[PDB]
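Taken one at a time, structure 1 and structure 2 that follow are two forms of one protein chain, written as structure tokens.
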Structure 1
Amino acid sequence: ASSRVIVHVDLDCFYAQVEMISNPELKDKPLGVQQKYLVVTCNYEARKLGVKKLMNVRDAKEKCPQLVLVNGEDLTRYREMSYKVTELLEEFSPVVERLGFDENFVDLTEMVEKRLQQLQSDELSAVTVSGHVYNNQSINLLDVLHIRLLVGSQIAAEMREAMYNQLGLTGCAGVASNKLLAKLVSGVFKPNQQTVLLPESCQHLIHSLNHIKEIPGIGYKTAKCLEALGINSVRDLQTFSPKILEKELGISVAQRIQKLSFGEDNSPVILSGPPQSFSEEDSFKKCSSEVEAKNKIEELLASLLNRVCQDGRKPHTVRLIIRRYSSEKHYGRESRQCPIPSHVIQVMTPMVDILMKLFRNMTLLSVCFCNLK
């Protein structure tokens, strides 16, 4: 165990794809999926006419006064397609990690080896790549790593073909030696295509980024922290002092993100399996009188109980979260967590008041069933 072959699968404008499949007439027409006053995503037809992901509806129409919009506030169908995608990938190989509703990581290492052991000391020279080779790098057929990654690209091509034939979905794939690289390379050729990264091009890929914030693992916060330290480019982070970074972000975050700056990342692909929680939200124009407005909470449970049910397992914890309007609270949420009566587990009425008591003890409102068993 050492050299891994990882694939990162990323779908094209996921919500938009699901909507276009539902109502065909929406195809070829610029399509935007809306949630409240946002256009969370849109089909490529729309991205051509200026529409960008997460853009105000207005700024969206005064940019494309023809953009068709559909409401994507109810995630039911997106969530269902998302699991169908994951299950299909799991068939190729069980260790699949979900990242959001449209990205999956699959460790193909075991699968690549088995396929190689099947080839003969001849046809192994006929091994070819499927899709793009990052930085148009030359393949060396005598390099065992090159061969493994190429088989990896073949598998990826099979997965994408399967996703399309069995689910009607198009998407990108990135093949590399680790999750970091696979995720970074899957987006090089953006629409419905795939790319494989050979080792000699790792630094080229990492340095192609324009800021550290672009590195998976480095968020909005850490990015700002690094700035205040004079660290802006990927090379700055690579060359920065381990000590100062270690003594200001924690030996953990520090030693880990500096590895990332070099394209190094040994995190394993984790088998996501069933969800660890179930939650539904509802933001509204500061329309909550602090009371009686819990009829909204009854709505949430309605679906949640239907979802938590279907699943099979039962939650042993419930929660409520809220927000409050005022200044520019860049981060402000509150929640009251509490166990669920063993009797009530095995229906709404009880739960309703249960959340109500949790309510009083305290713009948005969301119930979250967690601690599944």
Structure 2
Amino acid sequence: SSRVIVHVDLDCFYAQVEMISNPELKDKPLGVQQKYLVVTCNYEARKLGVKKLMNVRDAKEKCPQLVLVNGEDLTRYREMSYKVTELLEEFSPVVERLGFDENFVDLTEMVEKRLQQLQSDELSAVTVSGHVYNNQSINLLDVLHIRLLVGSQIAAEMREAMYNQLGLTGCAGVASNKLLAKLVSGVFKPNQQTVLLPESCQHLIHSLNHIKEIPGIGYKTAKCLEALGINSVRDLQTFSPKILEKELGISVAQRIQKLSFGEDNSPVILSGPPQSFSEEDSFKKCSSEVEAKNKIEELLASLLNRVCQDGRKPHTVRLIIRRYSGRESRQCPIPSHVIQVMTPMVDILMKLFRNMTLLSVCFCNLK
């Protein structure tokens, strides 16, 4: 499908929001601490040595100047996330969210309208905004190249708007599919954008050194592949489809092999309003007594403020537990009286607990 897909990857999001919140934090190594880990850091801290998911103490030693603002409360990050998605939705309605820092948009229709409102007497001037992957030559005669070049311009527009309206810096990637767009978005990582012309897809797919770097292949699938002997993209591309279907399933095998060739027909989805609101707390086997009710109590109060703000209402509640040894869950439709609050809720949640390192409450079935 001749599609133009854009991937928007914001740089150090949690940190960028914290730096905007306290100007002083600007031009200073900043790390976002979650429990015992530094989940995100500014480029300055990365430069001095701080890395993602690093022990906080090791970091403050490698970077004694590391100011560490806590980020276990994701409320302000979530607010800016939806502000970014909303700006992008004004450009085109269908925006898919991946986490809070990434967004996908299909610019195909927008590209076509701009290309029709144009005259071929100005085609020699359709110019690229940003880097072209593999310094590939542009052919202003190939329609595909022109469409992707228009997407490059819309991406530059989206990025300038995100800075001018939300003060946020980010990277962009324009391609024919979501996989290629996400993979090209980080070729130039600090506040830059890259477009992948069709004749350079194989260079990007073979640029990867681990199959886990392919979006869609995680720990389990990769372990299965490594055991079959597949450690390269070419290995997955050249492996027998039949054996892979037999050991992984027809669905996973066909999709993952297509990804090895840079093929993804996945439609860009409209994520729209959130479908779940959850809150959790991590602990060191600190829950060995039904006193875990106290933890569930705190989690409920916090999540309650969030569901109050949305306006839509929850109809199913879920308790997710993490034992030390893999997360089990038990859900129940919320009684209507409660839908119209803590004591009834804790009673239901405790019954779910009794039927079943981490405790989580989730409000789903939102209407």
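Just so we're on the same page, rigid core means the largest C-alpha set that superposes within 1.5 Å between forms. By convention here, residues take numbers in order along the sequence of structure 1, the first being 1.
For the motion between the two structures, residue 319 lies in the other rigid part from residue 260. Two rigid parts move between the two structures, and the turn of the smaller against the larger, rounded to whole degrees, is 10°. Per-residue C-alpha deviation between the two structures, core superposed: residue 265, 0.4 Å.
Core-superposed comparison between the two structures: residue 307 shows a Cα shift of 1.2 Å. Once the rigid core is matched between the two structures, the CA atom of residue 297 is found 2.3 Å away.
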